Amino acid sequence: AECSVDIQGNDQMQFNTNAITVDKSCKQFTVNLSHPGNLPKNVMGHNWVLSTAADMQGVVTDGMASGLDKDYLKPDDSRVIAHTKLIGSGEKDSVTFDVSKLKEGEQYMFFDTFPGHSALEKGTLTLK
């Protein structure tokens, strides 16, 4: 089964899916994020961050408070299962993570932590 997915971060602030399914068959999984538009990361940055559904809000909140300079992530946030860099327009980033970190039966959220983006740029990831 495929073990990769193309996700995109927008001016318009939208993701092309609000749902990812990672085949249980996969040992690693990669997300390729990319950014349509013309604006710099300091103004319209996008990342893709993965955590447990429970943790999502804390990760978003602590990341907003850590600044641009930490890519909108609290440093050493152990709730983050995986994440890309914070990217701006014309920039791409990929993250590959161990599928051993995902427990079948858990609910995962992916989201962007640039201030305010996670209200639209959010989605479900499930292991199947």
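One-based numbering along the sequence shown.
Relative to its counterpart among 110 to 118 and 7 to 15, 7 to 15 has the higher mean temperature factor, C-alpha atoms as listed in the PDB entry. Looking at 99 to 107 and 57 to 65 together, the entry lists the larger mean B-factor for 99 to 107, computed on C-alpha atoms. As recorded in the PDB entry, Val43 shows the highest C-alpha B-factor of the residues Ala82, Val43, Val31, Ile87. Across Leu39, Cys26, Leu73, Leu50, the greatest Cα temperature factor reported in the deposited entry is at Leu39.
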